[PDB]
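Numbering (PDB author numbering), first residue to last: 265 to 372, 399 to 615, 623 to 676, 684 to 713.
Even for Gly, the Cβ is constructed at its ideal location relative to N, Cα and C.
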Amino acid sequence: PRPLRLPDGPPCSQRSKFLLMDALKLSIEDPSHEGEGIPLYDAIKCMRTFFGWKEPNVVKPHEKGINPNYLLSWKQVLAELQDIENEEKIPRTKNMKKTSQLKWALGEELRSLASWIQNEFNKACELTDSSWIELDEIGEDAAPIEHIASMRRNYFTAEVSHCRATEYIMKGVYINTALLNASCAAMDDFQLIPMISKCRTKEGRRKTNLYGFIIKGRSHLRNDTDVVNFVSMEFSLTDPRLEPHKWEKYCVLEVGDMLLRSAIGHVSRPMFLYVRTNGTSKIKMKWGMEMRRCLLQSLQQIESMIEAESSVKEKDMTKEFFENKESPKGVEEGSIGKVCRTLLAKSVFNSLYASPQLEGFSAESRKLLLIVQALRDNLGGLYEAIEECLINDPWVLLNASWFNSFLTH
Ligand SMILES: OCc1nc2cc(Cl)c(Cl)cc2[nH]1
Ligand SMILES: [Cl-]
């Protein structure tokens, strides 16, 4: 009967494994260099397209970390890629020297809702000018699919293939695959692992994108919960000083200047490098490799809706649903496309921001929802279970804030 109590405190901070709305890509088009498809080779070719590098410096220090070490670590990346430039054959992988900065970096409280997480979610729902999946990406069926299932899949794919949340899926699939693979292929090495994604422009040109790099620590992962540490180094045009509370976990460097087209003419903007230490485990990297299931899960939520409409109207409502034909007289989100991308964005953010706070909040808030709906239509301890999960997680706090909007109306 009353809105949830969200915790008071300093604003919550970014805790994703890689940058989301703030990421920046160095890209090469229709790659054709010798060794296309070897990540390190792709990364160096992406690096060469940029000529605006400059002497790096800290612009937003990590309050609890050793900021000279993060700076030294980025300078070591540039120098070891410069070493590779001198060798005749570019090696398949690059193992970093076990410097003191990398040994330190690799390890060898109530927060309030901040506006940035809602902004992230809005960004995840948007369309990008590139496609991130193939037409037949979704599904893993053994047999050929029926006509109706295919039609629904083709409609849905057309609405989400360019979605920003789909970029996050493929970005996450790539980096988790590369890290999990390096975790057993190079157990004792501080391996340099580029952060790559691949897309296709509106004109059909294939493109290869570099977001940055991670460096992994030692990884003798005997079980699913063993942690491999890593250091992430991610390009960005986001000035960390605008929302410093978001970047509590980062040392942020200024490392270059980039020339951009904009609504005014060409403009020069500083390029930043977001640096943090982080960790993940076998089981989280396996889930990261499965993020394409976000596409399947949200398609199935759509298909549930179409099947309901088909059962009430005694005919298949797929075309009527996706083309937006008591029949509904519009879409609350504004379009069928927005409903699909919103469902996907929720599913992807559930994965990007998985936590026990989210698992508890999801279960307990569903109980209070069904109860409040039953009281609404026909007219203590549960609240504690819900609010016990409202501590500091941006995604949980946002979903609780959404819940409270449901309670008001
Ligand atoms: O160590 C200085 C240095 N290393 C570099 C490595 C690369 Cl790939 C580029 Cl584009 C510029 C660099 N500058
Ligand atoms: Cl799949």
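Item, Value
"At which residue ranges does the segment 306-330 contain complete alpha helix (DSSP H) runs of 4 or more residues, listed in the order of the chain?", "none"
"What first and last residue would you give for the alpha helix (DSSP H) that runs through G555?", "Careful: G555 lies outside any alpha helix (DSSP H) and carries neither H nor E."
"Locate the beta strand (DSSP E) running through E544, then write down its first and last residues.", "541-550"
"Taking 6 Å as the cut-off, does the CB of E430 come closer than this to any heavy atom belonging to ligand 2?", "yes"
"In angstroms, rounded to a whole number, what distance separates the CA positions of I465 and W699?", "22 Å"
"Return yes when at least one heavy atom of ligand 1 lies under 6 Å from the C-beta of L288, else no.", "no"
"Return the Cβ separation of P530 and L304 in integer angstroms, given the expectation that the two are a contact with Cβ distance under 8 Å.", "Wrong, their Cβ atoms sit about 28 Å apart, outside the cutoff."
"Is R442 close to ligand 2? I mean its beta-carbon at under 6 Å from any heavy atom of the ligand.", "no"
"Taking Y564 as the reference, give the member of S652, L284, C276 with the closest Cα.", "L284"
"Below 8 Å, can you find three or more Cβ-Cβ pairs linking the segment 631-644 to the segment 442-459?", "yes"
"Can you tell which of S280, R266, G273, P560 has the C-alpha that lies nearest to the C-alpha of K539?", "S280"
"As a quick check of your reading: which residues have a C-beta less than 7 Å from at least one non-hydrogen atom of ligand 1, in chain order?", "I308, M311, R312, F314, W317, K339, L342, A343, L345, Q346, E349"
"Looking only at C-alpha atoms, which of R356, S291, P274, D347 sits nearest to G299?", "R356"
"I'd like to confirm the pairing. Which residues does DSSP put opposite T639 in its beta bridges?", "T639 pairs with nothing; no bridge assigned."
"May I have the straight-line CA-CA distance separating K358 from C637, to the nearest angstrom?", "40 Å"
"With a threshold of 6 Å (Cβ to nearest heavy atom), would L586 be considered close to ligand 2?", "yes"
"Does the beta-carbon distance from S571 to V517 come in below 7 Å?", "yes"
"For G316 versus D547, is the C-beta distance shorter than 7 Å?", "yes"
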